$ cat model26.txt   # compact mmCIF, C-alpha atoms and all ligand atoms
# COMPACT_ATOMS: atom_id res chain seq x y z
CA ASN L 1 -6.67 58.76 107.38
CA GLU L 2 -7.84 55.14 107.86
CA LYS L 3 -5.11 52.59 107.09
CA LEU L 4 -6.60 49.38 105.72
CA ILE L 5 -5.26 45.81 105.89
CA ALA L 6 -6.92 42.75 104.36
CA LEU L 7 -5.94 39.58 106.20
CA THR L 8 -6.71 36.61 103.96
CA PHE L 9 -6.57 32.83 104.33
CA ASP L 10 -6.09 30.14 101.66
CA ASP L 11 -6.96 26.43 101.49
CA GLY L 12 -9.85 25.95 103.93
CA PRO L 13 -12.24 25.36 105.36
CA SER L 14 -10.50 22.98 107.76
CA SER L 15 -10.73 22.28 111.46
CA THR L 16 -7.82 24.70 111.82
CA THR L 17 -10.13 27.37 110.39
CA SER L 18 -12.18 27.18 113.60
CA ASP L 19 -9.11 28.15 115.63
CA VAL L 20 -8.47 31.08 113.28
CA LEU L 21 -12.09 32.17 113.77
CA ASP L 22 -11.83 31.95 117.56
CA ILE L 23 -8.97 34.45 117.38
CA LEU L 24 -10.64 36.74 114.83
CA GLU L 25 -13.76 36.78 117.01
CA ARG L 26 -11.74 37.54 120.15
CA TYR L 27 -10.22 40.64 118.49
CA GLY L 28 -13.37 41.69 116.60
CA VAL L 29 -11.56 41.32 113.27
CA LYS L 30 -12.90 40.22 109.89
CA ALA L 31 -10.90 38.33 107.26
CA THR L 32 -11.35 36.82 103.79
CA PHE L 33 -11.19 33.05 103.21
CA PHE L 34 -10.38 31.81 99.71
CA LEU L 35 -11.94 28.37 99.81
CA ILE L 36 -11.10 25.20 97.94
CA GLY L 37 -14.38 24.03 96.43
CA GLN L 38 -13.92 20.35 97.26
CA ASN L 39 -13.49 21.37 100.92
CA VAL L 40 -17.07 22.77 100.87
CA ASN L 41 -19.12 19.84 102.20
CA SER L 42 -21.22 18.67 105.14
CA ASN L 43 -18.05 18.29 107.24
CA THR L 44 -17.23 22.01 106.83
CA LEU L 45 -20.78 23.46 106.74
CA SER L 46 -20.85 24.65 110.33
CA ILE L 47 -17.49 26.41 109.88
CA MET L 48 -18.67 28.20 106.73
CA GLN L 49 -21.91 29.16 108.51
CA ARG L 50 -19.85 30.70 111.32
CA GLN L 51 -17.65 32.51 108.79
CA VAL L 52 -20.77 34.15 107.35
CA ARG L 53 -22.14 34.94 110.84
CA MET L 54 -18.91 36.76 111.68
CA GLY L 55 -18.99 38.77 108.46
CA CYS L 56 -15.88 37.10 107.07
CA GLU L 57 -15.84 37.12 103.29
CA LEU L 58 -15.81 33.87 101.33
CA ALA L 59 -13.87 33.81 98.03
CA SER L 60 -12.73 31.25 95.44
CA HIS L 61 -9.49 29.24 95.50
CA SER L 62 -10.66 26.86 92.69
CA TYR L 63 -12.40 23.48 93.15
CA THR L 64 -9.51 20.93 93.18
CA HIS L 65 -6.58 23.26 93.99
CA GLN L 66 -4.41 22.13 91.09
CA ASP L 67 -1.97 24.18 89.03
CA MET L 68 -4.46 25.75 86.63
CA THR L 69 -1.80 26.74 84.09
CA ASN L 70 -1.99 23.06 83.07
CA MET L 71 -5.78 23.08 82.52
CA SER L 72 -8.00 23.57 79.50
CA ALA L 73 -10.26 26.62 79.27
CA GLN L 74 -13.35 24.45 79.80
CA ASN L 75 -11.96 22.76 82.91
CA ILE L 76 -10.92 26.14 84.36
CA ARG L 77 -14.47 27.43 83.87
CA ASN L 78 -16.00 24.32 85.47
CA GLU L 79 -13.69 24.67 88.49
CA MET L 80 -14.78 28.29 88.99
CA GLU L 81 -18.51 27.69 88.47
CA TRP L 82 -18.57 24.65 90.76
CA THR L 83 -16.72 26.54 93.50
CA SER L 84 -18.98 29.61 93.37
CA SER L 85 -22.17 27.55 93.24
CA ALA L 86 -20.99 25.31 96.11
CA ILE L 87 -20.47 28.42 98.25
CA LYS L 88 -23.73 30.06 97.13
CA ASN L 89 -25.84 26.93 97.56
CA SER L 90 -24.33 26.01 100.93
CA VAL L 91 -24.36 29.28 102.89
CA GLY L 92 -25.88 31.80 100.50
CA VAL L 93 -23.00 34.17 99.69
CA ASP L 94 -21.65 35.27 96.32
CA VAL L 95 -17.97 34.85 95.53
CA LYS L 96 -16.43 38.15 94.44
CA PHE L 97 -12.72 37.28 94.25
CA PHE L 98 -10.43 34.51 93.01
CA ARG L 99 -6.94 33.61 94.19
CA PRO L 100 -5.01 31.24 91.89
CA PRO L 101 -3.60 28.07 93.48
CA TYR L 102 0.18 28.38 93.92
CA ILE L 103 -0.19 31.88 92.44
CA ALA L 104 0.28 30.03 89.14
CA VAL L 105 -1.43 32.08 86.41
CA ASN L 106 -1.20 32.11 82.59
CA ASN L 107 -3.10 33.70 79.69
CA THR L 108 -5.67 30.90 79.54
CA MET L 109 -6.71 31.50 83.17
CA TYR L 110 -7.05 35.26 82.69
CA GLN L 111 -9.17 34.69 79.56
CA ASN L 112 -11.52 32.24 81.30
CA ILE L 113 -11.95 33.58 84.87
CA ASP L 114 -14.51 36.36 85.41
CA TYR L 115 -13.49 37.37 88.93
CA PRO L 116 -10.73 39.81 89.92
CA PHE L 117 -7.47 37.99 90.64
CA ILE L 118 -5.96 38.47 94.11
CA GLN L 119 -2.38 37.78 95.10
CA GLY L 120 -1.20 39.80 98.12
CA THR L 121 2.02 39.51 100.12
CA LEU L 122 3.02 35.97 101.09
CA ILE L 123 4.31 35.33 104.61
CA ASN L 124 5.61 31.82 103.77
CA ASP L 125 3.28 30.15 106.29
CA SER L 126 2.85 26.99 104.19
CA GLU L 127 6.12 25.39 105.38
CA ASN L 128 6.54 24.22 108.97
CA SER L 129 10.18 25.36 108.92
CA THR L 130 8.85 28.95 109.01
CA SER L 131 8.54 29.58 112.74
CA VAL L 132 5.66 31.21 114.58
CA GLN L 133 7.75 34.36 115.09
CA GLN L 134 8.95 34.45 111.48
CA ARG L 135 5.27 34.39 110.50
CA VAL L 136 4.52 37.25 112.91
CA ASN L 137 7.40 39.38 111.62
CA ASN L 138 6.68 38.68 107.94
CA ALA L 139 3.06 39.79 108.39
CA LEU L 140 4.01 42.93 110.33
CA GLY L 141 6.69 43.78 107.77
CA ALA L 142 4.31 43.33 104.83
CA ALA L 143 1.69 45.71 106.20
CA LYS L 144 1.03 48.99 104.49
CA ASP L 145 -2.13 50.96 103.77
CA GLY L 146 -4.30 49.02 101.31
CA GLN L 147 -2.25 45.80 101.41
CA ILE L 148 -3.61 42.26 101.12
CA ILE L 149 -1.76 39.67 103.22
CA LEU L 150 -1.83 35.97 102.31
CA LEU L 151 -1.95 33.33 105.08
CA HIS L 152 -3.08 29.66 105.03
CA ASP L 153 -5.68 27.78 107.06
CA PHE L 154 -5.21 24.30 105.65
CA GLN L 155 -5.63 21.52 108.20
CA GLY L 156 -2.81 21.43 110.73
CA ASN L 157 -1.34 24.91 110.15
CA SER L 158 -1.20 25.54 113.88
CA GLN L 159 1.92 27.73 113.68
CA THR L 160 -0.14 30.38 111.88
CA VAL L 161 -2.81 30.00 114.55
CA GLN L 162 -0.07 30.63 117.12
CA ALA L 163 1.18 33.64 115.14
CA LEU L 164 -2.18 35.32 114.53
CA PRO L 165 -2.72 37.03 117.94
CA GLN L 166 0.60 38.92 117.75
CA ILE L 167 -0.15 39.86 114.14
CA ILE L 168 -3.55 41.38 114.95
CA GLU L 169 -2.41 43.08 118.15
CA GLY L 170 0.65 44.48 116.37
CA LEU L 171 -1.18 45.86 113.35
CA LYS L 172 -3.77 47.58 115.55
CA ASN L 173 -0.87 49.02 117.56
CA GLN L 174 0.37 50.47 114.25
CA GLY L 175 -3.02 52.04 113.48
CA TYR L 176 -4.34 49.58 110.89
CA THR L 177 -8.00 48.70 110.44
CA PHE L 178 -8.91 45.20 109.28
CA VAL L 179 -11.25 44.80 106.30
CA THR L 180 -12.42 42.10 103.94
CA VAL L 181 -11.20 42.24 100.34
CA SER L 182 -14.63 43.51 99.24
CA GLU L 183 -14.51 46.15 101.99
CA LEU L 184 -10.95 47.06 100.98
CA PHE L 185 -11.94 48.00 97.43
CA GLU L 186 -15.26 49.56 98.48
CA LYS L 187 -13.64 51.86 101.05
CA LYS L 188 -10.80 52.94 98.74
CA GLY L 189 -13.27 53.67 95.93
CA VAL L 190 -11.40 51.34 93.56
CA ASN L 191 -13.01 49.09 90.91
CA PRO L 192 -11.42 45.63 91.34
CA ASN L 193 -13.12 44.27 88.24
CA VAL L 194 -10.24 44.85 85.85
CA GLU L 195 -9.52 41.95 83.52
CA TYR L 196 -5.99 40.62 83.02
CA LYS L 197 -4.88 42.07 86.39
CA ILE L 198 -3.84 40.51 89.69
CA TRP L 199 -4.12 42.68 92.81
CA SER L 200 -1.98 42.84 95.94
CA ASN L 201 -2.98 46.36 97.06
CA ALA L 202 -6.08 48.41 96.36
CA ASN L 203 -3.73 50.87 94.59
CA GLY L 204 -2.99 48.23 91.92
CA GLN L 205 0.73 49.00 91.62
CO CO U 301 -3.57 27.36 98.10

$ encode --input "model26.txt" --output "structure tokens"
Amino acid sequence: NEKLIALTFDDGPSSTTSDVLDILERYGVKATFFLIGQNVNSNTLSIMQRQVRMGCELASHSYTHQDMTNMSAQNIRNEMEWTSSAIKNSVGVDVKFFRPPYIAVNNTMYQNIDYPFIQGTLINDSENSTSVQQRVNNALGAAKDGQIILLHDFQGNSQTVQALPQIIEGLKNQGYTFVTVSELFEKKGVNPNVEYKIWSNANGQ
């Protein structure tokens, strides 16, 4: 009767990431970080190393974080390969999932990206006008068994850092167990590797 939640973070690594990690470590919780490839560099190495130490999953958010519906097939493929190899060659882990920038997806992307697409429920934590407590309530209201929840850890997103302790404490209080996206599919016995699909819940609905 385990109830699984996959907390996920877009747009890092950034210095804000380290504050997210401090909180995840405090609560013994793992998350998934969809990284922007050009943010994988010597300035972010120690953060990515700590992500791997804590068993947080690293995934792909493209290399330049542009709207990939305006990109050629070749450029899409280069973005994906460069992001995966940057993550593999820096800290030794293999990307398993892709999340499209801006959740902008078209046929060309689906034809030229070999990873499962992840969306999840947005909590609108990219705009400062969304308060700490709005972020808390949106995350708590989006939770259900098997659900992926989309947050951001771009530099400066301190209102999500402020929101995260209530979110974790509240979901545990509701009986949820935190998993990575890989762990989510593994534990539900679901094959994520379905082409032409974008997932928000391990049930695929
Ligand atoms: Co993004």

$ residues_around --input "model26.txt" --residues "residue 26 of chain L" --least-positions-apart "5" --cutoff "12 Å" --atoms "all atoms listed in the file" --output "VMD selection string"
chain L and resid 19 to 21 54 164 to 165 168 to 169

$ residues_around --input "model26.txt" --residues "residue 31 of chain L" --least-positions-apart "5" --cutoff "9 Å" --atoms "only C-alpha atoms" --output "list in words"
residues 6, 7, 8, 9, 24, 55, 56, 57, 58, 178, 179, 180 and 181 of chain L

$ write_last_selection --input "model26.txt" --atoms "C-alpha atoms" --output "short mmCIF file (atom, residue, chain, number, x, y, z; two decimals), keeping the file's coordinate frame"
data_model
loop_
_atom_site.label_atom_id
_atom_site.label_comp_id
_atom_site.auth_asym_id
_atom_site.auth_seq_id
_atom_site.Cartn_x
_atom_site.Cartn_y
_atom_site.Cartn_z
CA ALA L 6 -6.92 42.75 104.36
CA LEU L 7 -5.94 39.58 106.20
CA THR L 8 -6.71 36.61 103.96
CA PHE L 9 -6.57 32.83 104.33
CA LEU L 24 -10.64 36.74 114.83
CA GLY L 55 -18.99 38.77 108.46
CA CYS L 56 -15.88 37.10 107.07
CA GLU L 57 -15.84 37.12 103.29
CA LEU L 58 -15.81 33.87 101.33
CA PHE L 178 -8.91 45.20 109.28
CA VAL L 179 -11.25 44.80 106.30
CA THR L 180 -12.42 42.10 103.94
CA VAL L 181 -11.20 42.24 100.34
#

$ closest_residue --input "model26.txt" --among "L:131, L:74, L:90, L:66" --to "ligand CO 301 (chain U)" --atoms "only C-alpha atoms and all ligand atoms"
L:66

$ residues_near_ligand --input "model26.txt" --ligand "ligand CO 301 (chain U)" --cutoff "6 Å" --atoms "only C-alpha atoms and all ligand atoms" --output "VMD selection string"
chain L and resid 10 to 11 101 to 102

$ atom_distance --input "model26.txt" --atom1 "atom CA of residue 194 of chain L" --atom2 "atom CA of residue 112 of chain L"
13.5 Å

$ closest_residue --input "model26.txt" --among "L:49, L:137, L:159, L:5" --to "residue 120 of chain L" --atoms "all atoms listed in the file"
L:5

$ closest_residue --input "model26.txt" --among "L:13, L:156, L:92, L:146" --to "residue 125 of chain L" --atoms "all atoms listed in the file"
L:156

$ atom_distance --input "model26.txt" --atom1 "atom CA of residue 59 of chain L" --atom2 "atom CA of residue 188 of chain L"
19.4 Å

$ atom_distance --input "model26.txt" --atom1 "atom CA of residue 158 of chain L" --atom2 "atom CA of residue 94 of chain L"
28.7 Å

$ residues_around --input "model26.txt" --residues "residue 111 of chain L" --least-positions-apart "2" --cutoff "10 Å" --atoms "only C-alpha atoms" --output "PyMOL selection string"
chain L and resi 73+76-77+106-109+113-114+195-196

$ residues_around --input "model26.txt" --residues "residue 187 of chain L" --least-positions-apart "3" --cutoff "10 Å" --atoms "only C-alpha atoms" --output "PyMOL selection string"
chain L and resi 2+4+146+179+181-184+190+202

$ closest_residue --input "model26.txt" --among "L:15, L:93, L:43, L:138" --to "residue 166 of chain L" --atoms "only C-alpha atoms"
L:138

$ closest_residue --input "model26.txt" --among "L:52, L:42, L:199, L:100" --to "residue 69 of chain L" --atoms "only C-alpha atoms"
L:100

$ residues_around --input "model26.txt" --residues "residue 99 of chain L" --least-positions-apart "4" --cutoff "8 Å" --atoms "all atoms listed in the file" --output "list in words"
residues 34, 59, 60, 61, 62, 103, 117, 118 and 119 of chain L

$ build_atoms --input "model26.txt" --residues "segment 75-97 of chain L" --atoms "N, CA, C and O atoms" --output "PDB file, keeping the file's coordinate frame"
ATOM      1  N   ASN L  75     -12.132  23.280  81.558  1.00  0.00           N
ATOM      2  CA  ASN L  75     -11.960  22.760  82.910  1.00  0.00           C
ATOM      3  C   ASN L  75     -11.763  23.893  83.909  1.00  0.00           C
ATOM      4  O   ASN L  75     -12.281  23.827  85.029  1.00  0.00           O
ATOM      5  N   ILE L  76     -11.025  24.941  83.523  1.00  0.00           N
ATOM      6  CA  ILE L  76     -10.920  26.140  84.360  1.00  0.00           C
ATOM      7  C   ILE L  76     -12.316  26.682  84.665  1.00  0.00           C
ATOM      8  O   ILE L  76     -12.665  26.923  85.827  1.00  0.00           O
ATOM      9  N   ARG L  77     -13.147  26.855  83.632  1.00  0.00           N
ATOM     10  CA  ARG L  77     -14.470  27.430  83.870  1.00  0.00           C
ATOM     11  C   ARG L  77     -15.315  26.541  84.780  1.00  0.00           C
ATOM     12  O   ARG L  77     -16.029  27.045  85.656  1.00  0.00           O
ATOM     13  N   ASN L  78     -15.261  25.218  84.587  1.00  0.00           N
ATOM     14  CA  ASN L  78     -16.000  24.320  85.470  1.00  0.00           C
ATOM     15  C   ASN L  78     -15.528  24.459  86.916  1.00  0.00           C
ATOM     16  O   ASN L  78     -16.348  24.536  87.837  1.00  0.00           O
ATOM     17  N   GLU L  79     -14.210  24.490  87.133  1.00  0.00           N
ATOM     18  CA  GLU L  79     -13.690  24.670  88.490  1.00  0.00           C
ATOM     19  C   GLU L  79     -14.276  25.920  89.142  1.00  0.00           C
ATOM     20  O   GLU L  79     -14.741  25.881  90.285  1.00  0.00           O
ATOM     21  N   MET L  80     -14.277  27.043  88.420  1.00  0.00           N
ATOM     22  CA  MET L  80     -14.780  28.290  88.990  1.00  0.00           C
ATOM     23  C   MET L  80     -16.283  28.210  89.270  1.00  0.00           C
ATOM     24  O   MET L  80     -16.743  28.532  90.376  1.00  0.00           O
ATOM     25  N   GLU L  81     -17.066  27.779  88.280  1.00  0.00           N
ATOM     26  CA  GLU L  81     -18.510  27.690  88.470  1.00  0.00           C
ATOM     27  C   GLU L  81     -18.877  26.757  89.622  1.00  0.00           C
ATOM     28  O   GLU L  81     -19.734  27.081  90.450  1.00  0.00           O
ATOM     29  N   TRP L  82     -18.248  25.584  89.684  1.00  0.00           N
ATOM     30  CA  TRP L  82     -18.570  24.650  90.760  1.00  0.00           C
ATOM     31  C   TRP L  82     -18.186  25.206  92.122  1.00  0.00           C
ATOM     32  O   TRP L  82     -18.868  24.924  93.111  1.00  0.00           O
ATOM     33  N   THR L  83     -17.104  25.988  92.205  1.00  0.00           N
ATOM     34  CA  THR L  83     -16.720  26.540  93.500  1.00  0.00           C
ATOM     35  C   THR L  83     -17.693  27.624  93.940  1.00  0.00           C
ATOM     36  O   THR L  83     -18.132  27.640  95.096  1.00  0.00           O
ATOM     37  N   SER L  84     -18.036  28.547  93.033  1.00  0.00           N
ATOM     38  CA  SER L  84     -18.980  29.610  93.370  1.00  0.00           C
ATOM     39  C   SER L  84     -20.353  29.046  93.717  1.00  0.00           C
ATOM     40  O   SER L  84     -20.995  29.505  94.666  1.00  0.00           O
ATOM     41  N   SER L  85     -20.837  28.066  92.951  1.00  0.00           N
ATOM     42  CA  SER L  85     -22.170  27.550  93.240  1.00  0.00           C
ATOM     43  C   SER L  85     -22.181  26.704  94.517  1.00  0.00           C
ATOM     44  O   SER L  85     -23.182  26.701  95.244  1.00  0.00           O
ATOM     45  N   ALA L  86     -21.079  26.007  94.825  1.00  0.00           N
ATOM     46  CA  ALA L  86     -20.990  25.310  96.110  1.00  0.00           C
ATOM     47  C   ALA L  86     -21.094  26.289  97.283  1.00  0.00           C
ATOM     48  O   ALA L  86     -21.768  26.013  98.281  1.00  0.00           O
ATOM     49  N   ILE L  87     -20.427  27.436  97.179  1.00  0.00           N
ATOM     50  CA  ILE L  87     -20.470  28.420  98.250  1.00  0.00           C
ATOM     51  C   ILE L  87     -21.832  29.105  98.316  1.00  0.00           C
ATOM     52  O   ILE L  87     -22.380  29.331  99.405  1.00  0.00           O
ATOM     53  N   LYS L  88     -22.411  29.428  97.155  1.00  0.00           N
ATOM     54  CA  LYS L  88     -23.730  30.060  97.130  1.00  0.00           C
ATOM     55  C   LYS L  88     -24.808  29.123  97.645  1.00  0.00           C
ATOM     56  O   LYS L  88     -25.648  29.514  98.467  1.00  0.00           O
ATOM     57  N   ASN L  89     -24.795  27.871  97.181  1.00  0.00           N
ATOM     58  CA  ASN L  89     -25.840  26.930  97.560  1.00  0.00           C
ATOM     59  C   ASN L  89     -25.692  26.395  98.971  1.00  0.00           C
ATOM     60  O   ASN L  89     -26.663  25.851  99.510  1.00  0.00           O
ATOM     61  N   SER L  90     -24.504  26.500  99.570  1.00  0.00           N
ATOM     62  CA  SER L  90     -24.330  26.010 100.930  1.00  0.00           C
ATOM     63  C   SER L  90     -24.703  27.075 101.962  1.00  0.00           C
ATOM     64  O   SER L  90     -25.490  26.800 102.869  1.00  0.00           O
ATOM     65  N   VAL L  91     -24.150  28.282 101.844  1.00  0.00           N
ATOM     66  CA  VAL L  91     -24.360  29.280 102.890  1.00  0.00           C
ATOM     67  C   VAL L  91     -24.779  30.637 102.313  1.00  0.00           C
ATOM     68  O   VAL L  91     -24.778  31.645 103.027  1.00  0.00           O
ATOM     69  N   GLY L  92     -25.137  30.675 101.034  1.00  0.00           N
ATOM     70  CA  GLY L  92     -25.880  31.800 100.500  1.00  0.00           C
ATOM     71  C   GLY L  92     -25.098  33.051 100.145  1.00  0.00           C
ATOM     72  O   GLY L  92     -25.707  34.110  99.966  1.00  0.00           O
ATOM     73  N   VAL L  93     -23.775  32.979 100.012  1.00  0.00           N
ATOM     74  CA  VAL L  93     -23.000  34.170  99.690  1.00  0.00           C
ATOM     75  C   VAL L  93     -22.378  34.022  98.311  1.00  0.00           C
ATOM     76  O   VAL L  93     -22.131  32.913  97.821  1.00  0.00           O
ATOM     77  N   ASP L  94     -22.112  35.172  97.698  1.00  0.00           N
ATOM     78  CA  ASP L  94     -21.650  35.270  96.320  1.00  0.00           C
ATOM     79  C   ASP L  94     -20.155  35.554  96.300  1.00  0.00           C
ATOM     80  O   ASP L  94     -19.707  36.599  96.783  1.00  0.00           O
ATOM     81  N   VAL L  95     -19.388  34.620  95.746  1.00  0.00           N
ATOM     82  CA  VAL L  95     -17.970  34.850  95.530  1.00  0.00           C
ATOM     83  C   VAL L  95     -17.764  36.138  94.746  1.00  0.00           C
ATOM     84  O   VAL L  95     -18.475  36.407  93.772  1.00  0.00           O
ATOM     85  N   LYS L  96     -16.812  36.961  95.187  1.00  0.00           N
ATOM     86  CA  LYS L  96     -16.430  38.150  94.440  1.00  0.00           C
ATOM     87  C   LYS L  96     -14.981  38.142  93.980  1.00  0.00           C
ATOM     88  O   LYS L  96     -14.619  38.957  93.125  1.00  0.00           O
ATOM     89  N   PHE L  97     -14.144  37.265  94.528  1.00  0.00           N
ATOM     90  CA  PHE L  97     -12.720  37.280  94.250  1.00  0.00           C
ATOM     91  C   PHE L  97     -12.209  35.859  94.055  1.00  0.00           C
ATOM     92  O   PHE L  97     -12.773  34.897  94.586  1.00  0.00           O
TER      93      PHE L  97
END
